[PDB]
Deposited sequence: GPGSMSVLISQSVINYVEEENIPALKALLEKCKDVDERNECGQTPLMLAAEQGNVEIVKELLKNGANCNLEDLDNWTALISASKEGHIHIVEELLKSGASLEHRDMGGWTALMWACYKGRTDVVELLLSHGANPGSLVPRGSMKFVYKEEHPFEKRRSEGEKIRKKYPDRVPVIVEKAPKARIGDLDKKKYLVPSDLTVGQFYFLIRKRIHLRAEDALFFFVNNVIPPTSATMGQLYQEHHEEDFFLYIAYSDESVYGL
């Protein structure tokens, strides 16, 4: 690692200088194109803000993982979307960049594009399906690891849907011993409320709220319907639970 930051920086220098031949020559000698600078940023993330699509294409061609995040949970897609680099955004989406990843502030790439008035980027992101608290499971496992697990679960147990359930930040309620659930698609949201309440060992007077994508799901919906509406791109459905203290 004594050299890792230096090699990362030399890559970033050729990105910033937009020196494609020197960049390609160095990348043919790097054992990891995603080696991070001293702030945990990958060359792809810096190229995404720079705005040269050919640099981005070369990095992706050499194996750059567009779903990596820095210490602010920022991604290449959020950088390109904030700066309005429409062709970079398109290349990242083609490589499988997650649309709904949020930065440390809770903002997605679409929210950044709207904030900055990036008209074409907004249309592109919506065209690819962008939807118009941080889960420990999401924060502590890289996106593509989670996506492989979710795809495995969808293949092996097609009658059921995978759900991650976690307690909302600083809620006056007991904790769950297990966070991973696999439930029949025709189980209703109400039945799932009851299952989670039983696992937390609550009294009938103790309130329990569910939140998915910051909204309360109707109890008459099935978990399969909720999943089809709300599942993330790692193929997990994420539900936060709390008592009234979160209000």
> Which segments of the deposited sequence lack C-alpha coordinates in the modelled structure, numbering from residue 1?
Replying inline: 1-2, 135-142, 258-259
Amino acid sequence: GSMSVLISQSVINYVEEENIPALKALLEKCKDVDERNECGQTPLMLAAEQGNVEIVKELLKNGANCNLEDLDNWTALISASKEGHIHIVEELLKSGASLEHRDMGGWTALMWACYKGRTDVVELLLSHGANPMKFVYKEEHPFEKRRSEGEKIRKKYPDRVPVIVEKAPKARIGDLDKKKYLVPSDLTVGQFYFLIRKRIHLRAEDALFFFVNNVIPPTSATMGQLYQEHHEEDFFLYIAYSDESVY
From here on, numbers count along this sequence of modelled residues.
> Do the CA atoms of 109-117 or those of 123-131 have the higher mean B-factor in the entry?
Replying inline: 123-131
> Of 133-141 and 68-76, which one has the bigger average CA B-factor?
Replying inline: 133-141
> Among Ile196, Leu26, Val56, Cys39, which carries the highest Cα B-factor?
Replying inline: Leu26
>> Lowest, middle or highest third: which one holds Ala207 when the chain's residues are ordered by CA B-factor from the entry?
In response: highest
> Once the chain's modelled residues are ordered by C-alpha B factor and cut into thirds, is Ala171 in the lowest, middle or highest one?
Replying inline: highest
> Once the chain's modelled residues are ordered by C-alpha B factor and cut into thirds, is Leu187 in the lowest, middle or highest one?
Replying inline: middle
> In terms of the CA temperature factor given in the entry, to which third of its chain does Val89 belong: lowest, middle or highest?
Replying inline: lowest
>> Considering every modelled residue of the chain and its Cα B-factor in the PDB entry, is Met45 in the lowest, middle or highest third?
In response: lowest
